[PDB]
């Protein structure tokens, strides 16, 4: 039950998730999952990043969910649940700006 996972912020906006992520105390990979503002049934993985080029910044990755059942960022790499997706991405950067590290403070 996703509503329960501590990294699931549910119904919060894009701007708010960015206000939470852009804290100077956040190390690369700080993250939360929320509802997509415009695609029903889609979610967004908001992730903090940091480089000398841009400094502290946020990326937003859409997570699709099929009725066949899979959750994914790229259809090539799918998961049976949001949790497993999160777990995978905490060990693999792959196409993400950085691997999932720590849950975003509130």
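Positions refer to the first chain, counted from 1. Here the rigid core means the biggest group of C-alpha atoms that line up within 1.5 Å when the two forms are laid on top of each other.
After superposing on the rigid core, which of 21-29 and 83-91 has its C-alpha atoms sitting farther from this form in 7 other deposited structures of this protein?
Looking at 21-29 versus 83-91 in 7 other deposited structures of this protein, the farther one turns out to be 21-29.
Between 45-53 and 58-66, which has the larger RMS C-alpha deviation from this form in 7 other deposited structures of this protein after core superposition?
Checking 45-53 against 58-66 in 7 other deposited structures of this protein, I find the farther stretch is 45-53.
Highest mean C-alpha temperature factor of the two stretches 63-71 and 40-48, which is it?
The stretch with the larger average C-alpha B-factor is 63-71.
Averaging CA B factors per stretch from the PDB record, which one is higher: 91-99 or 6-14?
The stretch with the larger mean CA B-factor is 6-14.
Relative to the other modelled residues in the chain, which third contains the C-alpha temperature factor of residue 80: lowest, middle or highest?
Tercile = highest for this residue's CA B-factor.
Lowest, middle or highest third of the chain for the C-alpha temperature factor of residue 53?
According to the entry, residue 53 has a C-alpha B-factor in the chain's highest third.
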